[PDB]
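Shown next, in structure tokens, is the structure this report addresses.
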Amino acid sequence: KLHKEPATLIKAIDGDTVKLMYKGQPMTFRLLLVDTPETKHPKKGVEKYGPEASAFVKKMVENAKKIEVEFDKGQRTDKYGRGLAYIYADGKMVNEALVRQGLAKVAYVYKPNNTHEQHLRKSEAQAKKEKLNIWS
């Protein structure tokens, strides 16, 4: 099954990306399965709810006692060299938290990197139902 490994915050970079110290090396991590509005959009620049989504994972990871990373069963890095993972702050999955708050959508999914897909999609259905943020 999947397993969680410890990491240390280096810097939150955007709503969907954080830099961590992982096994003694600085690495950039892309949050698996979520698309967030971005502040660093390659074309768009700063989208609606981008600052808010980015402020939320900053707070969450900067105020955590314990950060853990959980790789999925497929590829662990994307084509830009970023780790592909579920990130946890004190036991709470940052990826699900963003979706639950209406600050991210579930991304297009690539098997077999889809272990928590159903879980995330349920949280997204709920944020939609509650008309939160991006769904308002």
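For the structure tokens, the naming scheme is as follows: chains receive sequential letters (A, B, ...) according to their order of presentation, residues are indexed from 1 within each chain, and ligands are indexed from 1 in presentation order.
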I want to know what sits within 10 Å of residue 58 in chain A, based on only C-alpha atoms, with residues of the same chain fewer than 3 positions away left out; could you give that as an mmCIF file with C-alpha atoms, in the first residue's frame?
data_model
loop_
_atom_site.group_PDB
_atom_site.id
_atom_site.type_symbol
_atom_site.label_atom_id
_atom_site.label_comp_id
_atom_site.auth_asym_id
_atom_site.auth_seq_id
_atom_site.Cartn_x
_atom_site.Cartn_y
_atom_site.Cartn_z
ATOM 1 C CA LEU A 9 8.965 22.584 4.574
ATOM 2 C CA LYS A 11 8.882 27.042 0.891
ATOM 3 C CA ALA A 12 5.303 27.126 -0.380
ATOM 4 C CA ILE A 13 5.462 28.308 -4.000
ATOM 5 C CA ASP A 14 1.868 28.327 -5.239
ATOM 6 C CA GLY A 15 -1.510 26.697 -4.682
ATOM 7 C CA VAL A 18 5.538 23.311 -2.556
ATOM 8 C CA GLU A 52 -6.472 32.564 -1.960
ATOM 9 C CA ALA A 53 -5.552 28.980 -2.884
ATOM 10 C CA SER A 54 -1.916 29.851 -2.499
ATOM 11 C CA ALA A 55 -2.449 31.579 0.900
ATOM 12 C CA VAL A 61 2.101 23.924 5.713
ATOM 13 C CA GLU A 62 3.858 26.751 7.568
ATOM 14 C CA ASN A 63 1.843 26.126 10.715
#
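For the set A:93, A:106, A:67, A:32, the residue with the smallest atom-to-atom gap to residue 124 in chain A is A:106, counting only C-alpha atoms.
Coordinates place CA of residue 1 in chain A at a distance of 18.6 Å from CA of residue 77 in chain A.
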Which of A:25, A:136, A:8, A:36 sits closest to residue 56 in chain A [using only C-alpha atoms]
A:36
Of the residues A:102, A:24, A:81, A:51, which is the one nearest to residue 131 in chain A, using only C-alpha atoms?
A:102
As JSON, numbers by chain, please: all residues of range 36-112 of chain A that backbone DSSP puts in strand (DSSP E).
{"A": [67, 68, 69, 70, 71, 83, 84, 85, 86, 87, 88, 89, 92, 93, 105, 106]}
I'd like to know which residues of range 47-133 of chain A are alpha helix (DSSP H) (by DSSP, run on the backbone); could you write them as a ChimeraX atom specification?
/A:50-62,94-100,117-129
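Distance-wise, CA of residue 105 in chain A and CA of residue 35 in chain A end up 5.2 Å apart.
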Residues within 9 Å of residue 29 in chain A, please, as a ChimeraX atom specification. Count only C-alpha atoms; anything in the same chain fewer than 2 positions from it doesn't count.
/A:16-20,27,31-32,77,81-85,87
Just the selected residues (N, CA, C and O atoms), exported as a compact mmCIF listing (two decimals), in the first residue's frame, please.
# COMPACT_ATOMS: atom_id res chain seq x y z
N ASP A 16 -0.48 24.88 -6.01
CA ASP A 16 -0.39 23.47 -6.39
C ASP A 16 1.04 22.97 -6.25
O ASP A 16 1.32 21.81 -6.55
N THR A 17 1.95 23.82 -5.78
CA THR A 17 3.36 23.45 -5.69
C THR A 17 3.99 23.90 -4.39
O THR A 17 3.80 25.05 -3.97
N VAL A 18 4.75 23.01 -3.75
CA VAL A 18 5.54 23.31 -2.56
C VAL A 18 6.92 22.68 -2.65
O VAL A 18 7.15 21.58 -3.16
N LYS A 19 7.92 23.38 -2.14
CA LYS A 19 9.29 22.89 -2.11
C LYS A 19 9.56 22.34 -0.73
O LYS A 19 9.29 23.05 0.25
N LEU A 20 10.04 21.12 -0.66
CA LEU A 20 10.33 20.39 0.56
C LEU A 20 11.75 19.83 0.56
O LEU A 20 12.37 19.64 -0.48
N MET A 27 13.52 19.49 -3.01
CA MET A 27 12.76 19.00 -4.14
C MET A 27 11.47 19.80 -4.28
O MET A 27 10.88 20.18 -3.26
N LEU A 31 1.22 18.97 -6.21
CA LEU A 31 0.16 18.26 -5.50
C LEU A 31 -0.62 17.35 -6.46
O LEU A 31 -1.23 17.87 -7.40
N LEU A 32 -0.59 16.05 -6.22
CA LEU A 32 -1.31 15.12 -7.09
C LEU A 32 -2.82 15.38 -7.11
O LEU A 32 -3.38 15.70 -6.07
N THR A 77 7.65 11.42 -10.55
CA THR A 77 8.07 12.78 -10.92
C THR A 77 7.41 13.11 -12.25
O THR A 77 7.17 12.20 -13.05
N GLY A 81 10.40 17.52 -13.46
CA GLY A 81 11.30 17.16 -12.35
C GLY A 81 10.63 17.30 -10.99
O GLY A 81 11.24 17.03 -9.96
N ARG A 82 9.36 17.71 -10.94
CA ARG A 82 8.65 17.81 -9.66
C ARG A 82 8.14 16.47 -9.13
O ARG A 82 7.52 15.68 -9.85
N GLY A 83 8.32 16.19 -7.85
CA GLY A 83 7.71 15.01 -7.21
C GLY A 83 6.20 15.04 -7.37
O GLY A 83 5.62 16.14 -7.35
N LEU A 84 5.55 13.90 -7.53
CA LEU A 84 4.09 13.82 -7.66
C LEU A 84 3.53 13.14 -6.41
O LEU A 84 3.76 11.94 -6.24
N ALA A 85 2.84 13.89 -5.54
CA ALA A 85 2.49 13.29 -4.25
C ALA A 85 1.25 13.89 -3.58
O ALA A 85 0.77 14.97 -3.93
N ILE A 87 0.32 15.46 -0.12
CA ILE A 87 1.07 16.09 0.96
C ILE A 87 0.20 16.18 2.22
O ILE A 87 -0.95 16.56 2.00
Hey, can you check how far CA of residue 123 in chain A sits from CA of residue 79 in chain A?
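According to the coordinates, CA of residue 123 in chain A and CA of residue 79 in chain A are separated by 28.1 Å.
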